[PDB]
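For reference, the structure is listed below as structure tokens.
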Amino acid sequence: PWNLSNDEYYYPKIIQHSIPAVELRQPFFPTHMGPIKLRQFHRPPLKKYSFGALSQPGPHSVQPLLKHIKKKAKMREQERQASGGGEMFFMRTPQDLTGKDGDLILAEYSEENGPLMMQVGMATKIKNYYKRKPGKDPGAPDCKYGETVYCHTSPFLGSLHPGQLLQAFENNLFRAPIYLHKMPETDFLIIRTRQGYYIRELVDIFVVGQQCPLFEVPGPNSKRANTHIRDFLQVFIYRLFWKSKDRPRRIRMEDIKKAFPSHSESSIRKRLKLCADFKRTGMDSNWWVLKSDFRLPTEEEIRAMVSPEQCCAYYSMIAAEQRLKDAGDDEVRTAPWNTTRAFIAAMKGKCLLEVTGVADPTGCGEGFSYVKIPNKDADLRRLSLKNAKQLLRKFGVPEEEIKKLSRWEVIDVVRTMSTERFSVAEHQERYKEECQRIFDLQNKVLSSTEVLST
Amino acid sequence: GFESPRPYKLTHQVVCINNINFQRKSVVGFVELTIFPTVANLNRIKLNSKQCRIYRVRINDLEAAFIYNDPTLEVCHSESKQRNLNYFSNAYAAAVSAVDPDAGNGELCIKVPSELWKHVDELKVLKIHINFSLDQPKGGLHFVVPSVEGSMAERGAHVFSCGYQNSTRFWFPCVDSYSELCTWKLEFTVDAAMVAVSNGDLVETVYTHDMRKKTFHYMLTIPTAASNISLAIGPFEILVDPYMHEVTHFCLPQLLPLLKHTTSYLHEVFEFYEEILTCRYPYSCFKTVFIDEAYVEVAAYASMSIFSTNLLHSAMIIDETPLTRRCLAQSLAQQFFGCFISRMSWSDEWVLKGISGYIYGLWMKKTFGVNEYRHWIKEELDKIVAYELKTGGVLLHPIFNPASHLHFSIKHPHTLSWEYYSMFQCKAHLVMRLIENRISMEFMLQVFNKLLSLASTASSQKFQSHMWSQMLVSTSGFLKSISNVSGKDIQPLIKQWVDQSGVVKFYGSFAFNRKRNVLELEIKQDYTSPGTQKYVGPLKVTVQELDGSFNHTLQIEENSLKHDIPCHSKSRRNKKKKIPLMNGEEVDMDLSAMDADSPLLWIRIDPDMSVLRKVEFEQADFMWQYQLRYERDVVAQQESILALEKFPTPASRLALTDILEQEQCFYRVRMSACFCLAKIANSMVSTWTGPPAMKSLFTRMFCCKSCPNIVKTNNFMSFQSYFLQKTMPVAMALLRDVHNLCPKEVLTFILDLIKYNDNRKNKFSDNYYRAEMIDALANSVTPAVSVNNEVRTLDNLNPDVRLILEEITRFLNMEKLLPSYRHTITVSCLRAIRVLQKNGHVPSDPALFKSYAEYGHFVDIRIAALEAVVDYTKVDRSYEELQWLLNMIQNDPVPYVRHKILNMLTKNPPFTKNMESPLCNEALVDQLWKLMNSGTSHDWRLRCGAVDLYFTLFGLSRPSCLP
Amino acid sequence: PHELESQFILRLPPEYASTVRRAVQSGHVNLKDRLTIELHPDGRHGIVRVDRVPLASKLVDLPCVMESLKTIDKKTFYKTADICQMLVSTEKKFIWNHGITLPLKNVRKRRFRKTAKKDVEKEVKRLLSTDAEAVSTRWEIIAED
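Below you can see the structure in the form of structure tokens.
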């Protein structure tokens, strides 16, 4: 007639990327990044076109977009109301990921090179963490973007004040505090393609604070690292077999050598050894045909092989490898495999982090550093209390300490004034207070709309 | 897209019923249909009608000619000498397909008059006025007329529409398909002291000019099918719901307080089903009618539900609250997704049954807890795998035979066996749970809300089905709405578990490689059994090692056998630290039984029941004991109880005893540990040290501290130690000694539990606890040592059985003067007398059970007595008792009792096809063939039960015991 | 195939920014004739012509990395492109020290760690080529001279 399931003893207490992103399609997720492309990682230069309308030198008219944006938004609302009115999934094509439609915001990063960073086509959510005031509270200050959640336990290193709403980017890669600023009055956004220039205005720009990593970047040549390498190659080989039109399905080796040119061909052969065979003569000659007994994996199995966040962690590792290699142990500590391991270990409670150090991406007192630290009388007798109490009121010591009239305490205090066991609680308290202070300082520096002199 | 199989579209139907005569069991009425022809040259119009005498038919007030023929009255000819069942199944499928309104066909063929052909070619309206009469209906609509004198309201006489699926043809002529939606106008002229309950909202109630009768006018503006239209006419006590005011509850007279207490929960069921879906309840009223001699325990129509009165309990009745509560809940789930959103074909029925069962399981999860949800899901999955390995398999969504491994045709609902229908609904809701596992629960509720929102925008238009077919769901439309809301399509999961009809069998065994620190699993499938299929997807496995609980996904391709997964450290055995569990907590474990070299404590293959599977894993006995003790999953505790019966070591006895002593364990795990402890105790006789099992534990938990053999006075307010207290002597009575005689220490304990029972102090009744005490007394009966077939007299009465017989005589006689609830003690005492007769104690005489199986008794007493008579005619090979049972199948007033007799005679058959019996005449073959052909022609559930009985007794070929 | 779109930020003088903003929010194709962009073959120099009035432009590198994020429901945001360049209108000169937002000013100088920073490779390659071209090479680490 009741619950009768002892649930408190058995059980004591989401991000959907675009279909180009979960299928690891090669413009958005590159197979190989060279040295000059690893130095320009997430900073892609403005390339000159060889063919197209912008390839011809001269003045080029920009095309302001207003009819395209509202036509696409009205069309997507018609699609959503035709499908029952609920929430829909729209990003199914690469042409859905253009900047020419939808409500764009901008997101600026505080650090130069973050430990993790999203590729093009990946999704993120905006969560507004709101700690209620003690007792009565009016309700979360409402915000234009994101959903609100009431956080008793602070997600970040510091703890939220009562009545403080903090927005944050939340995805599988990291979680980072964001701060909404209005755009400058002079800046517009020009989307250039091969055909022409297009212009939008922007009104909302977020500043993203120091990231709290939720995914561990592997080290160079680590087991996980090289496992992702051979998995990325296997997924690319399977998707080339799916794209093949001949029956039985056949691929060419130098397509894979064009995609992965740093790979030795022994490793590519190793991936093709199972699931394919080389025909040297007759029909299908110089092709790697698919074995007739081999069942090519379905789309969901290929998606379950490699995740996009693993590709972002691998790209962070190889970009940091390049930056360290170019710059000839302090720098090695600031490498994202070390800092991600340190932060995730600190979140399980394995170890603590020195919040002031050299892994600090600011280079000043603002921001944290994610590197691991371990969790860990002859003349004072003549006074004989009577005269020590008189010495305390002559030393301007407050009357409480004089009042307790203790022996050891009063003398320890008068030795301290004449100068003027455990290691677990005090150290933990100091680390927590330092982290909270750093978080508060970072928020104050970030949300400031005060003008800063050049 | 829905295109009609009928060449006309029905817009509106008026059903008027006059002259409901209860003495003569007769109704008179008319029916006026408003059809729009879609094809010119319509000529004949084919409607559905059974048992109605059609007087006249006028089309547009012009007299028309009709011809009636029902091929399902006598399926095969009387003078055909065929006696095999495949012939009857094909002929019965062809006969049901010849009256099918889902094709163009129908039983009543009306010819359009000639002068209306210029009205039908340019497609204009036709108004068909049939007037009919039911003279004395067999199974059309049930007349319950008691034999007390007085007026018909003073004796308690009532009518209700019974049947399943498309059975509205049995009481008025209609287009009896779920795809012909129309609006309705329903008038019923009943007696002045009676009330007529039906679908729609009651617009008025006018008197007749003599003021002796009154007419109830109902109107249904939401377009429903004819199959969802119902009727209940009787002297009902009306009760408006004090929480929701459009909901009226009708009961039989003198049962108003039971109705008040029983239907007081229903507003919470309404609130749940309207907050997980975001649509409000689509109909403008809701009516719950409680009746006598019901067809099914719960039937759901449009804006109406018909329950039996046997669900009505008072405030002091426990063990019946949860069952009645979930009957109300599944009636409301079928109100949402069987009556508002209807079916497009007979295929796509799995969609509606799955959505109904799935949202009812979500209700059960919120109401009774996740643990009760997991236990229910596991019992449904065990039910399906038992049925599919027993006979063939259940095929959701067949394509039109698609399933030729069974003995009936799955093209129509009225040819299905009843066990197949039950397993169909069961498999449909488990496959919907699988679709929720692939595509998350919030997207699933968004799918259901999109279907309901399309239906409710469709439900308000007036266009005659330009838009009313958005209220009909199909499989392709359901998968398209899933693909719209999620972007993933489930076509491999649909192809495996819907279109393919099989379950999978997993045989697992592990080996721990100490050198490389890996766990080598070995999972092989039995795919050559008749019910099985081959699984090639991914498979989750959960390994509990000393460092915690880790999940692994295994890819089980056809050629796969060995799966090497990695193992973690064993540094929580170096220091004593707590071992972290599946949830966030951690416990102290006694690691003395564990191996020194392996860190892993237990392994579970497919823990979340994400496939339709039967797992046979080979762990070590200490791993089963650790999984019984420290797991935070009830299905794993249940499967460890089930696997500890093969290991009778004293460590397993200690494990089950620690489970039994432990509150904060789920109570249905302790109730299983009682029976497991009884089996283990029976297997380690001549090793057992102290008292019998669970006795000291019973005296520690439920008896007085100062008196060990006196039980505490009954206080049943905890509801978990009540269930454990009433289940522990029932398992304790299975204690088997070396001599095979129950220990007179346990029988004396049960008799002292019976004597010292005092129930004058709790707020709850004692009928189920006393009934379980009689069941415990019946469990202790071992077979008697008859010498030279000595006639069972008082001279050879066992000294043990005389006490048992005195107690059940006292209990049955006291039930004759003071009854309980459900006549539980009558049912338990009849069951115990049959237990004593099955052994050589009481003379094998069926006259007592034949007197309790008469018509005037309660239906639980009747089915218990008929179960005893079926068991007697199986053991004693009685010819006259089998003729008694077949006669009772042919002419009994209650059709539920006839269905139950056929069901019990199928489950416990008097002979199988392998047996040579004296009861295998040509006379019995001719009787059962006449019962399949004629005789059961009025119910559609007795005919499938007769087909099941003929299959169980004589098989699919020609009866062998024949010239 | 698909080519990732290349978005950059255009900064205009404030009066010209107001005219361009009014013409963008109006939405006619009249703006298309009024606003043109000519990028010189230097790659870091241009003209932006507002209402046929030429303005001198420089394409500069921004110290932080921005990312355009589109949305349909304002709860889930999909990354569309990376922005690192700005065509301000009025080498070391083509590097912008400040960030676009108000809190990020003098970011490169103050809020950027110098460990991450520090052309060198190109100079090393040129030296290697000269050494390969030469017959005899003489080297000494030197002192003050």
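Residue numbers (the UniProt record's numbering), protein chains in the order written: chain A, 585 to 597, 609 to 923, 945 to 992, 1013 to 1056, 1073 to 1106; chain B, 19 to 418, 426 to 988; chain C, 9 to 98, 127 to 154, 161 to 187. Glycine is no exception: its CB is placed at the ideal position from the N, C-alpha and C atoms.
Name, please, each residue of chain A whose Cβ falls closer than 7 Å to the Cβ of residue i.
i             : result
residue 146/C : 980
residue 167/C : Going along chain A, no residue has its Cβ under 7 Å from residue 167/C, so there is no contact; the nearest lies around 12 Å.
Quick one: Cα of residue i to Cα of residue j, how far?
i             : j             : result
residue 704/B : residue 668/B : 12 Å
residue 339/B : residue 585/A : 6 Å
residue 76/B  : residue 232/B : 27 Å
residue 828/B : residue 771/B : 13 Å
residue 917/B : residue 157/B : 11 Å
residue 708/B : residue 114/B : 54 Å
residue 78/C  : residue 464/B : 25 Å
residue 762/A : residue 732/A : 19 Å
residue 418/B : residue 440/B : 15 Å
residue 942/B : residue 987/B : 13 Å
Run through chain C and tell me which residues come within less than 9 Å of residue i, C-beta to C-beta.
i             : result
residue 784/A : 15, 16, 17, 18, 76 and 91
Please list, in chain order, all residues of the same chain as residue i whose beta carbon is under 8 Å from its beta carbon, the five residues on each side excluded.
i             : result
residue 744/A : 722, 723, 724 and 725
residue 677/B : 646, 649, 650, 669 and 705
residue 36/B  : 45, 46, 47 and 207
residue 142/C : 133 and 134
Below 7 Å CB to CB, which residues in the same chain sit around residue i once its five sequence neighbours on both sides are set aside?
i             : result
residue 889/B : 852, 855 and 856
residue 804/B : 755, 758 and 759
Between which residues of its own chain and residue i is the CB-CB distance below 6 Å, once the five residues before and five after are set aside?
i              : result
residue 1075/A : 992
residue 794/B  : 751
residue 495/B  : 479 and 483
residue 183/B  : 438
residue 67/B   : 125, 126, 187 and 191
Assign residue i to buried or exposed, taking buried as 16 or more other Cβ atoms, counted over all protein chains shown, within 10 Å of its Cβ.
i              : result
residue 48/C   : exposed
residue 194/B  : buried
residue 970/B  : buried
residue 732/B  : exposed
residue 681/A  : buried
residue 1048/A : exposed
residue 615/A  : buried
residue 516/B  : exposed
residue 201/B  : buried
residue 554/B  : exposed
residue 927/B  : buried
Give me the chain A residues within the contact set of residue i, using Cβ-Cβ distance strictly less than 8 Å, ordered along the chain.
i             : result
residue 510/B : 678, 679, 681, 682, 683 and 684
| request: Could you run through the stretch 531-553 of chain B and flag, in chain order, every residue whose CB is less than 9 Å away from some CB of chain A? | output: none
| request: Could you list the residues in the stretch 22-50 of chain C with a C-beta less than 9 Å from some C-beta on chain A, going in chain order? | output: 22, 24, 25, 26, 28, 29, 31, 32, 33, 34, 35, 36, 37, 39, 40, 41, 42, 43, 44, 45, 46, 47, 48 and 49
| message | Can you pull out the residues from the stretch 714-741 of chain A whose beta carbon lies closer than 8 Å to at least one beta carbon of chain C? | response | Within the stretch 714-741 of chain A, the qualifying residues are 714, 715, 716, 717, 718, 719, 720, 721, 739, 740 and 741.
| said: Under 8 Å, CB to CB, which of the residues in the stretch 864-890 of chain A have a partner in chain C? | reply: none
| field | Short-range partners of chain A found in the stretch 312-339 of chain B, where Cβ spacing is below 8 Å | value | 336 and 339
| task | May I ask you to list, following chain order, the residues of the stretch 688-712 of chain A that have a beta carbon less than 9 Å from some beta carbon of chain C? | result | 689, 690, 691, 692, 693, 694, 695, 696, 697, 698, 699, 700, 701, 702, 703, 704, 705, 706, 707, 708, 709 and 712
| Name the residues in the stretch 820-832 of chain A whose C-beta lies less than 7 Å from a C-beta of chain B; which are they? | none
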